[PDB]
Every structure is written in C-alpha cells, then in structure tokens.
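Here the structure comes first, spelled out in structure tokens, and everything after it is commentary.
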There are 2 protein chains.
Amino acid sequence: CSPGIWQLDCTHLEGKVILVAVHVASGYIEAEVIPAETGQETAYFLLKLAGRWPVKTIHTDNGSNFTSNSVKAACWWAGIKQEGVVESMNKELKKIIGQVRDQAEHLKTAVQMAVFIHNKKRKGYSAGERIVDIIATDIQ
Amino acid sequence: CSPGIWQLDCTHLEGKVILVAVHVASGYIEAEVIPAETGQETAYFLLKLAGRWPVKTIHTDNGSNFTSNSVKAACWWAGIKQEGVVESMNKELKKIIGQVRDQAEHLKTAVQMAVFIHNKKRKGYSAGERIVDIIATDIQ
Ligand SMILES: Cc1nc2c(ccn2Cc2ccc(F)c(F)c2)c(-c2ccc3c(c2C)CCCO3)c1[C@H](OC(C)(C)C)C(=O)O
Ligand SMILES: Cc1nc2c(ccn2Cc2ccc(F)c(F)c2)c(-c2ccc3c(c2C)CCCO3)c1[C@H](OC(C)(C)C)C(=O)O
C-alpha cells in the first residue's frame with residue numbers, strides 16, 4: 001500500500017515491552033525494548049522513526065496508545081497523521097526471537113538479532129531491500 | 001564513497017553521551033543518547049544499525065571504542081569489518097541541537113529533533129533522500 005504508512009504496537013515478553021513498528025508496504029521492522037508501555041516512550045520512538053523514514057501515517061491495533069499529550073506532540077511536530085501483513089510480520093518476529101533467545105543474555109539483544117534476520121530474509125527481495133526501493137521510487 | 005561505510009563516534013553534552021553514526025556517502029545520521037560510553041552500548045547500537053541498513057564497514061575517530069569483546073561479537077555476528085564529511089555532519093548536528101534545545105525537557109528529545117531536521121534538510125536532495133537512493137541503486 002502507501003509508502004508513508006507504518007503500524008506500531010507493543011508486545012510483551014519476559015515482563016518487558018517490545019515496541020514494534022512495521023512499514024506496511026514492505027514488511028520492514030524497527031523495534032526497541034522499552035522500560036514501560038507509556039505515551040512518553042511511544043512519542044520518543046516516533047520522533048526517532050520519523051527522522052529516519054518519511055512517516056506520513058501511523059496505524060495501531062490499540063487506539064488508546066496514541067492519546068497522550070506526548071504522542072500528539074510528537075505527531076504534530078513531525079507532521080504525522082492517524083488512521084494480514086502486520087499480523088504476519090509480528091508473528092514472524094516473535095518466532096525468530098524464540099529461535100535466537102539463548103544466544104544472548106538480554107532480551108533486547110535477541111530482539112535486535114530477530115529484527116536483523118527478519119529484515120535481511122529474501123522472500124525475491126528482503127523487507128530491507130523493498131523499503132529502500134519503495135521509498136527511493138516514491139522520491140522520483 | 002562506498003555505500004556500506006559508516007562512521008561512529010561519541011560526543012558529550014550536559015553530562016550525557018550521544019552516539020552518532022554517519023552514513024559517509026550520504027551524510028545521513030542516526031543517533032542515540034546512551035547512559036555511558038561503554039563497549040556494550042556501542043555493540044547494541046551496532047546491532048540495531050546493521051538490522052536497518054547494509055552495514056559493511058565502520059570507521060571511528062577513536063579506535064579504542066571498538067576493542068571490547070561485546071563490540072567484536074556484534075561485528076562478527078552482523079558481518080561487519082573495521083577500517084571532511086563526518087566532521088561537517090557532526091558540526092551541523094551539535095549546532096541544530098543548540099538551536100532546538102529549549103523546545104524540550106530532555107536532551108534525548110532535542111537530539112532526535114536535530115537528527116530529523118538534519119536528515120530532512122535539502123542541500124538538491126536531503127541526506128535522508130540520498131541514503132535511500134544510494135542503497136536502492138547499489139541493490140540494482
Ligand atoms: C551482555 C553481553 N556481553 C557480551 C557480549 C559479547 C561479549 N560479552 C561479554 C561477556 C563476558 C563474559 C561472559 F560470560 C559473557 F557471556 C559475555 C554480548 C553480545 C554482543 C553482541 C552480540 C551478541 C552478544 C551475546 C550475540 C550475537 C549478536 O551480537 C552481550 C549482549 O548484550 C549487549 C548487546 C547489550 C552487549 C547479550 O545480551 O548477551
Ligand atoms: C517529557 C515530555 N513531556 C511532554 C511532551 C509533550 C507533552 N508532554 C507532557 C507535559 C506535561 C506537563 C508539562 F508542563 C509539559 F511541559 C509537558 C514532550 C514532547 C514530546 C514530543 C515532542 C516534543 C516534546 C516537548 C517537542 C517537539 C517534538 O516532539 C516531552 C519530551 O520527552 C519525550 C519525547 C521523552 C516524551 C521532552 O523531552 O520534553
């Protein structure tokens with residue numbers, strides 16, 4: 001679909017929170033392990049994401065995630081609006097984390113290894129290749 | 001120069017550490033405010049960076065930054081090797097942080113606003129546009 005659409009959701013593992021952003025058109029993922037599921041953590045994650053990619057619109061499976069003043073400020077400043085692929089990309093990431101978990105002490109390390117594996121896996125291009133292609137083409 | 005080359009250095013501000021990664025060929029920046037200047041923080045940052053972009057080689061102005069076992073493990077796993085633009089990109093970021101600093105409570109928020117401003121500024125393409133173009137072209 002549209003190249004500026006991202007989906008953001010949190011998932012829970014080992015008593016920690018993983019914020020997962022999916023670029024809907026490519027299946028590319030960005031993720032961070034956050035101390036708590038708060039509006040200030042979501043706002044900070046959104047500022048980082050928007051500085052890296054041309055973020056136009058954000059989707060989520062939990063609308064209340066985006067009600068804080070912190071989040072609304074991040075979206076206002078960065079010029080962001082609110083509105084099977086995402087379910088599939090999140091499923092694949094949770095399974096990859098499980099598969100690499102014993103290779104690291106920290107959950108956050110296993111998460112970043114799973115993001116890397118996911119983005120680099122060709123399906124024939126990878127999600128990492130598709131995002132860069134989708135965004136470059138849209139610039140032209 | 002080569003599209004897989006990144007430069008990583010830390011800078012200090014308000015008693016905190018900012019890890020700054022520059023994509024040498026585009027001038028694109030990624031940055032994080034880290035609790036301390038440690039090998040484990042650098043290793044974690046490198047895993048995140050390598051999952052997002054095709055990182056081949058890393059440069060730094062402080063070689064001792066990359067001696068820890070943590071860093072060597074991150075580079076080994078991600079398949080990374082060691083070897084005016086970077087000085088210019090870091091200079092521009094420090095000045096942008098100064099210019100936006102009073103708009104936020106936290107230094108980390110001002111840092112991410114400065115990264116966003118820097119990557120989106122056209123010079124006529126922006127660093128954010130150039131990185132995506134350089135990487136997409138290299139895939140083809
Ligand atoms: C926490 C951590 N420590 C690491 C390392 C590597 C060496 N050390 C030092 C050390 C010393 C004594 C040990 F008994 C011991 F087990 C590890 C990684 C690490 C770093 C990068 C990395 C991998 C590991 C395990 C796995 C493959 C992907 O890349 C870690 C690591 O944590 C940080 C990334 C935060 C450094 C971890 O969670 O295990
Ligand atoms: C820490 C923080 N709090 C924020 C917000 C916004 C509302 N609030 C709540 C609040 C409540 C009462 C206040 F007196 C008060 F001043 C702010 C931003 C924030 C979030 C996004 C953002 C901006 C700000 C100021 C500036 C432009 C770029 O986008 C913050 C912010 O910190 C996080 C990003 C970690 C949430 C900050 O450092 O100020």
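Atoms within a ligand are numbered from 1 in the order they appear, just like the ligands themselves. So you know, we letter chains A, B, ... as the sequences are listed, proteins then strands, and number each from 1.
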* Asked: To which of A/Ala104, B/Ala50, B/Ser70 does the heavy atom nearest atom 7 (C) of ligand 1 belong?
  -> B/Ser70

* Considering only heavy atoms, which of B/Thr38, B/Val71, A/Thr109 lies nearest to atom 31 (C) of ligand 1? -> A/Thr109

Can you check [atom]: any protein non-hydrogen atom closer than 4.0 Å?
atom: atom 16 (F) of ligand 2; result: no
atom: atom 13 (C) of ligand 2; result: no
atom: atom 34 (C) of ligand 1; result: yes
atom: atom 25 (C) of ligand 2; result: yes
atom: atom 37 (C) of ligand 1; result: yes

* Residue part near ligand 2, for B/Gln103, under 4.0 Å between non-hydrogen atoms -> backbone

Among all protein heavy atoms in this structure, tell me which lies nearest to [atom], with the distance rounded to 0.1 Å.
atom: atom 39 (O) of ligand 2; value: B/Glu105 N, 2.8 Å
atom: atom 19 (C) of ligand 2; value: A/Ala73 CB, 4.3 Å
atom: atom 1 (C) of ligand 2; value: B/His106 NE2, 3.6 Å

* To do: Look only at the side chain of A/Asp9 and the backbone of A/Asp61, and say whether a donor-acceptor pair between them is shorter than 3.5 Å.
  => yes

* Check: A/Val86 main-chain N/O paired with A/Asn90 side-chain donor or acceptor under 3.5 Å -> yes

* Is it true that B/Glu30 and B/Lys48 have a side-chain N and a carboxylate O under 4.0 angstrom from each other? -> no

* Asked: Going by an N to O cut-off under 4.0 Å, is there a salt bridge joining B/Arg101 and B/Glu14?
  -> yes

* Just how far is it from atom CD of A/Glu32 to atom CD of B/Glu32, taken to the nearest 0.5 Å? -> 5.0 Å

* Could you tell me whether A/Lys108 sits above the aromatic face of B/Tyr44, with NZ or CZ closer than 6.0 angstrom to the six-membered ring centre and within 45 degrees of the axis? => yes

* Interfacing atoms of ligand 2 (cut-off 4.0 Å, heavy-atom, A/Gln40) -> 1 (C), 3 (N), 35 (C), 36 (C)

* So with a 6.0 Å cut-off around CD of A/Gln140, is the heavy-atom count from everything else above 12? -> no

* Asked: A/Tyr28 vs A/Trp53 aromatic rings, parallel, tilted or perpendicular, using cut-offs 30° and 60°?
  -> perpendicular

